């Protein structure tokens, strides 16, 4: 397939005065353990307590006195807020970064520690809370290069904590490492295998969220035209949506039966009622909202508005289809923003990062699921903001709608769990992305290591 050159994936290549920030009495041991390991490396440790739920203004007040205590000296902030499995932790973690930027303390590195955030070895799966932070973390690197340090995933302690400290004082810009008994691993993006002649053919009832969106409509026409027996489309306005009636009529012309319903995607009753009346054999989650707000202006409300349709939607579909044995397809439309990173879209990257983890957790649990981290989408309909605008200049090209759909069907054939399908001019991305923030992330890409000097 001509789109096999767009397939990438995430693999794991086995590779001063600190301020440990942690939730109210998170664990006397850990704090005592880290202090020791860090100090034995020429570090002057000073712990701070920041409760989950704390907002930026509050966090700024708690950090203010310890950050300015270093003056010109660099303060390496080691955050343990991510060890708490909750979205509140992610919210408070974002707040911590925002606060550090606000205090404007010259010289500072923020490192976010997590656990089970990413699955590096067989058996372990990515838990939501941690996966979200890594997503946001990558956006921070690009938005605040001089402030953001990196992400380190702990085993969850002698050598483990030891390796962790090494990463902090590492010589290589490995701002995405996973510490395991086997050792430390650095996140890498490598071209994925080929899809070839592999493809997927629709049958039975197909549920499509965000069906009145640019992707939604396109997906529907293609499915209905290729064997779908029934399509169930959900949208914010429902059948009263623009051209809703017109679209459904053309879709039934393919022989496919079509039903349209309204929903907030995250509304329980509305989705449950729908899968009850029309048990799906395949689910396609394209719902979501355009996000473009830099970290300094990322409000808590915006973070919720962004994850609502995306995260909440997929999680509800995950639970409402626990007894549906006929379900043999669970497709989540992610974004490359949550796998590679992209400035101005921190809330969007956290959300998409979560769709991917859900895919991983589902499959490893014997449940069908596929998560594709899309790049820029070709064609009519597709609204672009500051975020798409940034990816564009960096070297991403708008994939052809139809080609993109083929890539989907191709990925679904291979039965992928997570894959990045993006069209990129590496001879323009590698150098650009490196000018903002240097790193080892894309070194595993041939065309990337080429433009690099």
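Numbering follows the first chain given and starts at 1.
According to the entry, the deposited sequence has no residues without coordinates between residue 445 and residue 446, so the chain runs continuously there. According to the entry, the stretch of the deposited sequence that connects residue 156 to residue 157 contains 10 or more residues lacking coordinates, which leaves a long gap in the model. The PDB entry reports B-factors from which the mean C-alpha value can be compared for 320 to 328 and 368 to 376; the larger average falls on 320 to 328. Looking at mean Cα B-factors across 223 to 231 and 69 to 77, the upper value is held by 69 to 77.
Based on the entry's C-alpha B-factors, the most elevated value among 197, 295, 141, 256 belongs to 197. Ranking 418, 48, 43, 60 by the C-alpha B-factor listed in the PDB entry places 43 at the top. In the PDB entry, residue 345 places in the lowest third of its chain by CA B-factor. Sort the chain's modelled residues by C-alpha temperature factor and residue 333 lands in the lowest third, per the entry. Annotation for residue 38: C-alpha temperature factor in the highest third relative to the rest of the modelled chain, per the entry.
Annotation for residue 411: C-alpha temperature factor in the middle third relative to the rest of the modelled chain, per the entry. The deposited CA B-factor of residue 239 belongs to the middle third of values across its chain.
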